[PDB]
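Atoms within each ligand, like the ligands themselves, are counted from 1 in listed order. Note that these values count all heavy atoms, side chains included, but never hydrogens, waters or copies made by symmetry. Numbers restart at 1 for each chain; the letters A, B, ... are given by sequence-line order, proteins then strands.
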Amino acid sequence: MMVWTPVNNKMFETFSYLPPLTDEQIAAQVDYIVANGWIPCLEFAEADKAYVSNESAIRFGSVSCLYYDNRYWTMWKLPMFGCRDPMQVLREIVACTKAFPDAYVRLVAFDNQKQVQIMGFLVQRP
Amino acid sequence: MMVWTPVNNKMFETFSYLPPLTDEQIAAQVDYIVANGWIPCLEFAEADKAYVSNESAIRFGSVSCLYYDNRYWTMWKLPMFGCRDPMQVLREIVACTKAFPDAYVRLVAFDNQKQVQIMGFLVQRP
Amino acid sequence: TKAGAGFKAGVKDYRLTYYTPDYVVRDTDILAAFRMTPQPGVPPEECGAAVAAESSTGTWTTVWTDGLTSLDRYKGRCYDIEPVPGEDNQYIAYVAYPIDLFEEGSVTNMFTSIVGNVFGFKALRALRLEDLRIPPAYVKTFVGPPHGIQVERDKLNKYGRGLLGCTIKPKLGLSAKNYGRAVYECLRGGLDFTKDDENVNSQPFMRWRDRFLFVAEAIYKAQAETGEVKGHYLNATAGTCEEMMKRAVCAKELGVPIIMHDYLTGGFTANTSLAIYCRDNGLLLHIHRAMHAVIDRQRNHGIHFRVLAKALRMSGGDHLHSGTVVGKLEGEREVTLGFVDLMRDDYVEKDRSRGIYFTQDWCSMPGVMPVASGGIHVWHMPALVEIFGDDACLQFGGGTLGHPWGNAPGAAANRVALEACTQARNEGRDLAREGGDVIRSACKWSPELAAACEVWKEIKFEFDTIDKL
Amino acid sequence: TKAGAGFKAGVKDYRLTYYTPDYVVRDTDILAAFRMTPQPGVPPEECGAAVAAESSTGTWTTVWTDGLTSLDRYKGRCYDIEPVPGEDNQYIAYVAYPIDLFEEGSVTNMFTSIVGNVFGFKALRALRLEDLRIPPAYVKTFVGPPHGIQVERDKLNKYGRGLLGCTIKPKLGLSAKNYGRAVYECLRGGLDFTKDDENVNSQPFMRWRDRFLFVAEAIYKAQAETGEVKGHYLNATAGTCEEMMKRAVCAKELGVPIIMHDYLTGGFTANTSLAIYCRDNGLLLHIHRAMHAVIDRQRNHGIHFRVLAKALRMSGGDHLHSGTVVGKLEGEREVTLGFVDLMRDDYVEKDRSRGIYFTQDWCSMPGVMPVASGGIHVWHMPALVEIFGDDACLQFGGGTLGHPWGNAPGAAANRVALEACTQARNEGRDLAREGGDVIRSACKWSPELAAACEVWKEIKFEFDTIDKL
Ligand SMILES: O=C(O)[C@@](O)(COP(=O)(O)O)[C@H](O)[C@H](O)COP(=O)(O)O
Ligand SMILES: O=C(O)[C@@](O)(COP(=O)(O)O)[C@H](O)[C@H](O)COP(=O)(O)O
Ligand SMILES: [Mg+2]
Ligand SMILES: [Mg+2]
């Protein structure tokens with residue numbers, strides 16, 4: 001029996017339980033975005049704003065249900081509407097991480113017909 | 001098509017829609033009481049207390065549901081506990097109607113295992 | 001320092017834990033009788049054990065958390081399996097459920113365990129819950145029926161004959177004022193009750209509160225005219241419990257005697273709430289069993305109506321439809337006599353010839369009035385009185401509103417027929433053999449009855465029965 | 001001065017009024033497709049007309065009150081009858097119901113008409129409601145689901161993969177504190193959700209409020225440990241609507257994200273009320289379909305699950321169990337794919353090869369998340385992802401609490417398996433052909449997954465299907 005550590009083992013949603021994505025594996029996910037015609041977008045957060053938290057509920061009555069702070073991160077530029085080129089997405093990953101080297105950075109993609117984010121995973125950890 | 005008159009056509013529950021019970025027909029109902037071991041009892045009411053009415057609801061809040069005045073009539077003597085003789089019941093019908101010739105009088109019978117009245121019909125109308 | 005029984009991960013047969021043929025049932029156990037049809041290659045013991053496990057404590061693979069508790073104390077137990085005669089692949093599997101498994105006073109919870117998931121298992125082809133033994137210790141956790149038969153007769157001041165009701169027709173499409181008009185004309189001719197059709201709730205052609213007010217006017221007019229207590233089952237069935245309660249409150253505030261609820265389409269949680277409201281406010285509660293035949297028609301799969309009737313007794317209702325036997329909807333005689341006893345009586349002995357798989361002790365929970373309704377008319381009256389006796393309500397919707405002279409004469413015809421049959425029985429006449437003679441004599445006497453006699457003389461409902469014992 | 005059509009008392013065939021084969025259905029009509037098995041000697045047209053009549057406006061004999069209204073406007077209409085291939089005595093009868101027949105926002109009312117009484121008629125041997133066309137004009141009268149799939153993902157901040165859940169085991173018999181202990185250990189290993197078993201309500205071994213508090217502690221501990229939003233479906237299913245609401249209120253007051261309800265055993269009236277409460281207070285509502293297979297298992301009689309799913313969509317639920325196809329409970333692939341689309345999508349075209357009898361337009365009512373649960377384990381992961389795609393919750397109760405190393409490792413195994421399959425699919429791998437390879441590669445990588453792979457390697461659930469199209 002191996003024990004799953006509770007210590008320093010925070011996760012970042014989709015693909016956090018796999019080995020860290022290689023550059024090839026990230027590029028394959030970008031290809032999937034472009035193949036399905038979804039809208040790529042980068043988001044980022046400093047370490048203090050990257051993890052779900054509850055501090056704003058101090059201002060609430062009994063209405064905290066499914067309210068959490070730090071679900072929203074900061075948008076890098078704008079969603080890449082019309083982008084059909086994976087190399088443009090990869091270039092923006094480089095630009096975003098160059099500008100914010102100490103930030104958490106995630107690549108997401110939007111579907112405008114469901115009007116929902118349809119994929120997302122972390123591309124940089126401080 | 002015959003029209004069912006709404007005028008002066010008040011009824012008295014069981015057997016009111018049949019021809020008036022003859023003495024033979026009343027005696028047959030008394031035989032049924034005695035055959036089943038039920039407890040015969042006579043009840044009576046003056047005309048002003050014989051019909052269901054609602055006057056006590058003036059004293060109520062919104063609690064009139066299944067409250068009516070004049071469901072209870074007055075007991076003739078006591079229920080004839082142990083009576084296994086139809087002639088005793090018929091004699092009491094005569095005694096009750098002799099004492100109250102202008103009253104409504106009904107013959108009822110009780111079942112003590114269900115603890116409910118199990119038969120009843122009018123034997124005198126003023 | 002030998003090792004004791006521990007956690008071993010993986011799948012094993014359910015019968016290793018849940019088939020316990022030497023178990024002595026406890027008097028507080030809830031017992032179930034399942035008619036089970038296993039898939040080919042699945043032993044009956046394993047199928048019965050799967051049903052017991054997946055309706056109690058078990059899942060498909062061994063879990064370590066069993067060791068923190070006592071599976072002996074909590075597990076459902078398949079304790080007996082009987083072959084079904086006439087059937088090469090049907091078995092009656094008997095399952096015992098500790099009383100600790102159940103939420104007090106919750107029919108919802110009891111059904112969720114016993115019938116929640118096991119009917120969909122791939123390892124069985126069909127499953128039917130035939131009966132439940134509800135022990136007195138669990139019966140006592142329920143409020144039950146608001147009033148029950150004795151209290152109902154006492155509130156209405158009605159004794160010595162079946163009660164008479166009638167569903168207003170067309171089912172849908174009448175206005176509120178036409179509803180009240182029909183109700184007044186029905187009640188004034190001798191019916192004790194009328195009712196909203198089960199699907200009359202609140203609709204564009206007739207909004208509920210409008211109906212309730214015009215029906216109140218009709219009840220009170222007919223009561224004043226006849227001198228007999230009258231009622232009309234106003235439907236509280238609704239989309240939400242808040243709407244259901246608003247309708248019950250309006251009936252309370254109009255002072256009228258009786259409301260109705262569709263317990264299966266509205267649901268047990270709402271029904272139990274409404275029954276408690278009716279107890280607290282003195283309203284009689286008529287229960288309509290709409291949707292029951294979705295569940296209870298077929299012999300090989302579903303839940304027998306006797307269980308649905310027990311469940312209603314527990315959740316609460318002053319009346320429950322029982323079928324007619326002779327009318328347009330199915331109900332075999334012996335089957336029906338059995339569940340009528342289960343609805344009304346305090347103590348009903350096991351009797352497999354009437355589909356009663358377990359002795360049932362109701363420990364003084366009030367009896368529920370059976371309501372015989374659907375495709376019946378005056379010629380059925382002797383059979384109905386013979387089958388049900390006086391403690392029943394017999395309902396004639398088409399049999400009143402289809403009379404050639406209208407509702408009052410139609411009501412009078414039914415009331416005369418019932419009283420004639422009741423009188424004949426009390427005089428010693430055998431309604432099973434002399435019923436036709438009794439009705440023929442009454443038809444000659446009463447013009448209103450004669451018109452009904454003529455119109456429906458050749459109308460019978462005789463078909464092969466699906467729900468056979 | 002000739003006589004017009006008047007009242008003629010007596011019985012006539014239902015088909016004279018209710019069989020209308022040249023009727024052009026209106027776009028506001030509710031349509032029903034019934035699989036009907038007539039008794040010998042009953043023409044299909046008459047049987048279909050009886051079903052139409054007795055689910056709408058008609059009874060067994062002609063009533064005079066029809067003349068006060070317009071039966072043309074209100075009557076249900078059997079407008080088409082199809083033979084069933086392979087069947088010499090099964091027909092699909094199509095019935096159209098004017099929108100005026102139904103109470104706005106009430107699934108209870110809709111079922112009460114369409115399935116209330118017709119399944120018990122003596123003149124038929126079996127009846128199954130296969131599908132309902134719910135027109136946009138009636139859909140718009142419902143609040144519907146509290147949130148629906150997009151809003152749920154947005155509240156949870158979870159995108160790009162199926163959600164993962166798990167029912168706590170033993171079903172019954174665990175204490176409140178052991179429940180929370182199990183929940184914490186499950187959630188912390190990578191499951192998004194855990195849940196009360198459907199029959200875990202409030203019982204002697206564990207009272208509900210005790211469970212809710214210890215589960216809250218576990219949710220918040222696992223969320224803080226993992227950094228991912230966590231939930232546990234706390235069961236609001238209860239005996240009465242007042243108890244149901246007290247449980248929902250406690251979840252609200254603890255700030256936790258999600259509750260569950262057993263919509264069929266609790267009932268539609270209570271479910272619709274709870275869904276409205278959940279909309280008003282921001283709670284996700286998971287719906288368990290306990291008892292559905294009592295109704296929906298057999299091909300010849302009952303109601304198909306697609307109709308029960310449409311009904312839940314209307315009454316309201318954020319999740320609904322959909323079956324697994326490959327697990328311990330029945331669900332044929334094509335059948336399941338059809339009703340998954342009916343649960344999730346805005347517009348689903350007629351497709352008889354998937355059991356979709358009518359084009360269904362949901363007119364923007366939120367989609368319901370399908371929940372695949374019951375007898376599934378890591379080797380089923382590729383098939384589940386292939387069948388359902390990302391918009392589903394896949395639940396592993398025994399498949400988590402049966403892992404040899406305990407709940408956290410069991411959770412991790414399932415989360416790794418799901419993520420590996422998701423990644424492989426996104427990379428272009430065909431999960432229907434390469435699924436075994438994907439799992440085998442992941443088993444070699446992850447110790448926790450490897451332990452699950454070994455224990456359940458030979459476990460499959462492959463039986464003859466009862467509910468075939
Ligand atoms: O809708 C109907 O058909 C009825 O109003 C009867 O109408 P008629 O009196 O005109 O036949 C009753 O609801 C059925 O009796 C219900 O069936 P059951 O009692 O078997 O539950
Ligand atoms: O009680 C059970 O069996 C489960 O908790 C699953 O347990 P496991 O995960 O341990 O199998 C679910 O409620 C069933 O999936 C319900 O069936 P369905 O989803 O078909 O409605
Ligand atoms: Mg009806
Ligand atoms: Mg479960």
Which of the atoms in ligand 2, numbered in the order shown and given with their element, are less than 4.0 Å from a heavy-atom of [X]?
{"X": "C:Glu54", "answer": "3 (O)"}
{"X": "C:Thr59", "answer": "7 (O), 8 (P), 10 (O), 11 (O)"}
{"X": "D:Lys171", "answer": "1 (O), 2 (C)"}
{"X": "D:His288", "answer": "13 (O), 16 (C)"}

**OP:** Give the C-alpha distance, both sets of side-chain angles, the deciding distance and a yes or no for salt bridge (charged side-chain N to carboxylate O under 4.0 Å, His left out) between D:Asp296 and D:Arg306.
**Re:** CA-CA 9 Å; D:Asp296 74 13; D:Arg306 73 188 71 89; over 6 Å; no

Original post:
Among all residues two or more places apart in sequence or in another chain, which pass the salt bridge (charged side-chain N to carboxylate O under 4.0 Å, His left out) test with D:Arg289?
Top reply: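 Salt bridge (charged side-chain N to carboxylate O under 4.0 Å, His left out) list for D:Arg289, sorted by chain: empty.
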
**OP:** Below 4.0 angstrom from a heavy atom of D:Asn117, which ligand 1 atoms are there? Numbered from 1 as shown, please.
**Re:**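 Matching atoms, with element in brackets: 1 (O), 2 (C), 3 (O), 13 (O), 16 (C).
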
Subject >> For C:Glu198, the ligand 1 atoms whose distance to one of its heavy atoms is below 4.0 Å >> reply: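 Per the distance check, 1 (O), 13 (O).
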
Subject >> Stepwise ring pair (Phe, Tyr, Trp, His ring centres under 6.0 Å) test for C:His286 and C:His321 >> reply: CA-CA 9 Å; C:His286 173 87; C:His321 291 228; 4.8 Å; yes

Short N or O distance, [X] and ligand 1, threshold 3.5 Å exclusive:
{"X": "C:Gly398", "result": "yes"}
{"X": "C:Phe396", "result": "no"}
{"X": "C:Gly375", "result": "yes"}
{"X": "C:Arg289", "result": "yes"}
{"X": "C:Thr167", "result": "yes"}

Closest protein heavy atom (residue, atom, distance) for [atom]:
{"atom": "atom 17 (O) of ligand 2", "answer": "D:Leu329 CD1, 3.5 Å"}
{"atom": "atom 9 (O) of ligand 2", "answer": "D:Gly397 N, 2.9 Å"}
{"atom": "atom 19 (O) of ligand 2", "answer": "D:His321 ND1, 2.7 Å"}
{"atom": "atom 12 (C) of ligand 2", "answer": "D:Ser373 OG, 3.6 Å"}
{"atom": "atom 4 (C) of ligand 2", "answer": "D:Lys169 NZ, 3.6 Å"}

Original post:
If you measure from each non-hydrogen atom of C:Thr61 to ligand 2, which part falls under 4.0 Å: side chain, backbone, both or neither?
Top reply: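 Looking at C:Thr61 and ligand 2, no heavy atom falls under 4.0 Å.
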
Original post:
Just checking, is any N or O donor in the side chain of D:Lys171 or C:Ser113 under 3.5 Å from an acceptor N or O on the other one?
Top reply: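 Note: D:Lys171 and C:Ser113 side chains miss the donor-acceptor criterion.
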
**OP:** Measure distances from the Mg ion (ligand 4) and count the protein N, O or S atoms below 2.8 Å.
**Re:**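 There are 2 of them.
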
Subject >> Distance in Å, D:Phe396 CZ paired with D:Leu401 CG, rounded so as to fall on 0.5 Å steps >> reply: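 Nearest 0.5 Å value for the CZ-CG distance: 13.0 Å.
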
Subject >> Side-chain heavy atoms of D:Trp456 within contact of C:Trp60, under 4.5 Å >> reply: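 Side-chain contact under 4.5 Å: yes.
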
Original post:
Okay, side chain of C:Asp196, backbone of C:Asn235: is any donor-acceptor separation there less than 3.5 Å?
Top reply: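 Confirmed, C:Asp196 side chain pairs with C:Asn235 backbone.
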
**OP:** For C:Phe339, enumerate each residue passing the ring pair (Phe, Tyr, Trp, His ring centres under 6.0 Å) test, keeping only those at least two apart in sequence or located in another chain.
**Re:**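 Per chain and number, C:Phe339 pairs via ring pair (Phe, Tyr, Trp, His ring centres under 6.0 Å) with C:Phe305.
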
**OP:** Applying ring pair (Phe, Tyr, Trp, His ring centres under 6.0 Å), name anything that partners D:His380, two or more places apart in sequence or on another chain.
**Re:**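 With sequence neighbours excluded, D:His380 shows a ring pair (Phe, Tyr, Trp, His ring centres under 6.0 Å) to D:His377, given in chain and number order.
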
